[PDB]
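Numbering (UniProt numbering), first residue to last: 2 to 113. Below: the structure, in C-alpha cells.
Below is the structure:
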C-alpha cells in the first residue's frame with residue numbers, strides 16, 4: 002500500500018538499502034518476531050508513523066526468524082530493535098518498545 006515494506010530476503014534487503022541511497026531518504030527498520038510480545042504492542046505505532054511520514058522516510062519490517070541472514074548481519078540480540086540507515090550504512094538505532102523514543106527517532110531523521 003506504500004506504507005511498510007516487508008523484507009522477505011537478503012536480496013530484497015539489499016535492494017531496499019540501495020533505494021534509500023538513490024532516493025536520498027532515510028530508512029527506518031523494525032526488527033521483530035512473531036513470539037515477541039512487546040513487538041506486537043508497538044507495531045501499530047510503527048505503521049501509523051509510516052503513514053505520517055510517507056514520502057519522507059522509508060519504513061521496512063524484518064521478521065528475524067524469517068530472514069535470519071539479515072538478522073545475523075545486523076547484530077540483533079533484543080526485540081524490538083529499530084535501525085536507521087542512510088547512504089547504505091547504519092546511522093542510528095533504538096532497542097526496546099519505547100513509543101516515545103520511537104517517535105523522537107523518526108522525527109529526528111525525518112529532518113536533518
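Positions of the beta carbon are idealized from the N, C-alpha and C atoms, including for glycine.
Secondary structure of residue 28 (DSSP, three-state): strand. Residue 103 is positioned such that its CB atom lies closer than 8 Å to that of residue 46. Sequence-distant partners of residue 70 (beyond 5 residues in either direction) whose C-beta falls short of 7 Å from its own C-beta, in its chain, are 11. Per the coordinates, the alpha-carbon of residue 101 lies some 17 Å from the alpha-carbon of residue 30. Between the stretch 16-28 and the stretch 37-55 there are fewer than three inter-stretch CB-CB distances shorter than 8 Å, so the stretches are not counted as touching.
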